[PDB]
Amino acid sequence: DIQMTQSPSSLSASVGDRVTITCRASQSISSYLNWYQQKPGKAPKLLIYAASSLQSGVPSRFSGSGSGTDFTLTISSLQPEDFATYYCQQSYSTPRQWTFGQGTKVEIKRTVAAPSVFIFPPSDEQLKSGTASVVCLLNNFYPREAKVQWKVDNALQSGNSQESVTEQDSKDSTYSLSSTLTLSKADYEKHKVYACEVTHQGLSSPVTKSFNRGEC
């Protein structure tokens, strides 16, 4: 078994930057290293083979170097098309023991943007169906890291929430997040105050957006 370890796991870069990604092997794989590019919802594409040989249709800005245990893929001038996840794979071994790296995600660097926080109360039509969904939205925020907390009558909630995060927006290079709290109608009637507390680098203080079922 040969282990392929890729550094970094993630990087954020601007167009025109030089990007360097390293793949390391547990034992020597000689020249049989392959570099792949994959984009969300799309199949992997083979950029490089033999550690330095470019597949047809791959621009010269992509370059490959390295031997034995250590290999490196470099993009000389980063391009809008080049923001994607990149993988390294070994072909030295028998097909049985072929292995891939964990991959490096290349993302667009952006100035910090605070999340815009919105809370949507449960709809009455869903309440008739017997379930209550409360939604908190963090909109157009960079960086990706954000902490969302659901407080019901100022009581912390755990295990009742699910989160989804958007991929970076094409126009603005920001992320949007949705947190949904699913409760019973009976528990929804039981408690007055539903609050979403948001922590992000752009916000100096956590921002809480809340609604009172009784007050409104």
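Residue numbers run from 1 along the displayed sequence.
Higher mean CA B-factor, judged across 115 to 123 and 81 to 89 from the recorded values: 115 to 123. According to the PDB record, 176 to 184 carries the higher mean C-alpha B-factor of the two stretches 50 to 58 and 176 to 184.
Across the residues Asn34, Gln38, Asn154, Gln27, the deposited record lists the maximum Cα B factor for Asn154. The PDB entry assigns its highest CA temperature factor, among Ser76, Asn140, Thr72, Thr99, to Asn140. Split the chain's modelled residues into thirds by C-alpha temperature factor. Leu11 is in the lowest one. When the CA B factors of the chain's modelled residues are split into thirds, the value for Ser205 lands in the highest one. When the modelled residues of the chain are ordered by C-alpha B-factor, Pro95 sits in the lowest third. Sort the modelled residues of the chain by CA B factor and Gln162 lands in the lowest third. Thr199: CA B factor in the highest third of modelled residues in this chain (values from the PDB entry).
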